[PDB]
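If you want the building blocks of each chain, they are given just below.
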Amino acid sequence: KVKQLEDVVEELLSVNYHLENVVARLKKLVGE
Amino acid sequence: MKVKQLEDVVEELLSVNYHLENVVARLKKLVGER
Amino acid sequence: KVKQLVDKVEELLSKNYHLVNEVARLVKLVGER
Amino acid sequence: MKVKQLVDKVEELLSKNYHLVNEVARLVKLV
Ligand SMILES: [Mg+2]
């Protein structure tokens, strides 16, 4: 259970990293 | 150039989707949901 | 095709938002037991 | 203690995710 939750946390790091990238790309496209 | 940038956005949201699918499956297995 | 891609972005975002809601729902049940 | 701590971490990351989802939604409409 602890080990699985640790992997959940680690994979969510990637989810947020990818989303940050998306936001940043849209900001430069719209000129923000 | 809007097209290339939006294509890149779609690809990255697809990666997001992949990762979230993995996390959701892992938690269902933990709670015994199928 | 820009409009097509914007629609695709929106559909993906909706899918991803549902999955985040699923993570929130499930993690509370691990926490629970 | 560890499960509770990890659940808290999950919930903090989800909070950040929700905000980012909101931002993508706002930004893509401006395109
Ligand atoms: Mg990745």
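Residues numbered from 1 in each chain as written, not as in the entry; some residues may be left out. Chains lettered and ligands numbered in written order. Heavy atoms only, no water.

In its metadata, the entry names X-ray crystallography as the structure determination method and reports 1.70 Å as the resolution.

Peer 1: Is there a simple way to think about the overall build of chain A in this case?
Peer 2: Broken down by element type, chain A carries one helix and zero strands. Based on the C-alpha atoms only, the size of chain A along its principal axes is roughly 45 × 10 × 5 Å. Here chain A displays about 1,800 Å² of accessible surface, and carbon together with sulfur accounts for 46% of that area. Mean positive and mean negative side-chain charge positions of chain A (5 and 6 charges, respectively) differ by 4 Å. (Helix = DSSP H or I, 4+ residues; strand = E, 2+ residues; numbered from the N terminus. Areas by Shrake-Rupley, 256 points an atom, 1.4 Å probe, with all protein chains shown as cover. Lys, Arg positive; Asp, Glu negative; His and termini not counted. Charge placed at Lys NZ, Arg CZ, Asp CG, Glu CD.)

Peer 1: Is there a simple way to explain the environment of A:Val8 in this structure?
Peer 2: Counting through the fold element by element, A:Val8 comes out in helix α1 (residues 2-30). For the pair A:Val8 and A:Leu29, spaced 21 residues apart in sequence, the C-alpha separation works out to 32 Å. Residues within four places of A:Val8 in sequence aside, it is in contact with B:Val23, B:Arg26, B:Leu27 and D:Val10. (Contact = heavy atoms within 4.5 Å.)

Peer 1: Quick question: what am I supposed to make of the coordination of the magnesium ion here?
Peer 2: Ideal geometry at a metal centre: 109.5 degrees between donors when four sit tetrahedrally, and 90 or 180 degrees when six sit octahedrally. Bound to the magnesium ion on the protein side are A:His18 (NE2) and B:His19 (NE2), at distances that span 2.2 to 2.5 Å. With one member in each of two chains, A:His18 in helix α1 and B:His19 in helix α1 (residues 2-31) form a pair that bridges those chains. We classify A:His18 as buried; its relative accessible area is 14%. The buried category is assigned to B:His19, whose relative accessible area is 13%. (Donors = N, O, S within 2.8 Å, 3.2 Å for Na, K, Ca; no water. Buried < 20%, exposed > 50% of the residue type's maximum accessible area, 1.4 Å probe, protein only.)

Peer 1: Just to check I follow, could you spell out the pattern of salt bridges for this structure?
Peer 2: Any two side chains of opposite charge can pair, so long as their charged atoms come close to each other. Throughout the structure, instances matching the rule amount to ten salt bridges over all chains. Residues A:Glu6 and A:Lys3 are paired through a salt bridge, measuring 2.7 Å at the closest nitrogen-oxygen approach. Within this pair, A:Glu6 and its partner A:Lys3 are both found in helix α1, separated by three residues, close to a single helical turn. With relative accessibility at 29%, the residue A:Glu6 sits in the partly exposed group. A relative accessible area of 58% places A:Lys3 in the exposed class. Taking the shortest distance from any N to any O, the salt bridge between D:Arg26 and D:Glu23 comes out at 3.1 Å. Of the two residues, D:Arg26 and D:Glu23 both sit in helix α1 (residues 2-30), three residues apart, roughly one turn of that helix. Taking relative accessible area as the criterion, D:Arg26 reaches 32% and is therefore assigned partly exposed. (Salt bridge = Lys/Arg side-chain N within 4 Å of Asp/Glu carboxyl O.)

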